[PDB]
Amino acid sequence: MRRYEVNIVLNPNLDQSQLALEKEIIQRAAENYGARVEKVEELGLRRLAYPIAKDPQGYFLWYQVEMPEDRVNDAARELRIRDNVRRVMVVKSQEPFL
């Protein structure tokens, strides 16, 4: 098993209600690949390094998880193709939250 930090950028035009639903779905999708979600955090609106879908902004979500390294890529794929997800970045944890 390995601990990873999952950075998700969502459509900045969603409202509180829709964000909550995407946030839940994403968590259930992750758990579906054998991941245990240790922490979730909504970072909010940020200015992207570069526009995605003609949008220079994005709503950032963050997850800390532990899961089989073998299923990570598959999970990233399913996430990358969701309509409201603009960017997915998975990195090995360096200083995990307690």
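Bear in mind that the values in this text are calculations on the coordinates, not laboratory data. Backbone-built Cβ (ideal geometry, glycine too); neighbour counts: all protein chains shown.
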Cα-based helix-to-principal-axis angle, 69-80 vs the chain, degrees rounded to 10: 20
When the convex hull of the C-alpha atoms of region 45-95 is computed, what volume per residue in Å³ does it have? 98
Once you keep just the Cα pairs under 8 angstrom separated by 6 or more residues, what percentage relative contact order results for the chain? 45
As an exercise, use a Förster radius of 22 Å and the Cβ-Cβ distance of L19 and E66 to find the FRET efficiency, rounded to the nearest 0.05. 0.35
Restricting to DSSP H runs of at least four residues, report the calculated mean residue ellipticity at 222 nm for the chain, -39500 (n - 2.57) per run over all residues, nearest 500 deg cm²/dmol. -9000 deg cm²/dmol
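Using the beta-carbon distance between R3 and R77 and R0 = 25 Å, what value does 1/(1 + (r/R0)^6) give for FRET efficiency, to the nearest 0.05?
The pair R3/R77 has a calculated efficiency of 0.80.
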Helix 16-31 versus the longest principal axis of the chain: what is the Cα-based angle in degrees, 0 to 90, to the nearest 10? 30
Any idea what the dipole of the chain comes to, in debye rounded to 20, about its Cα centre with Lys/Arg Cβ at +1 and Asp/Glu Cβ at -1? 300
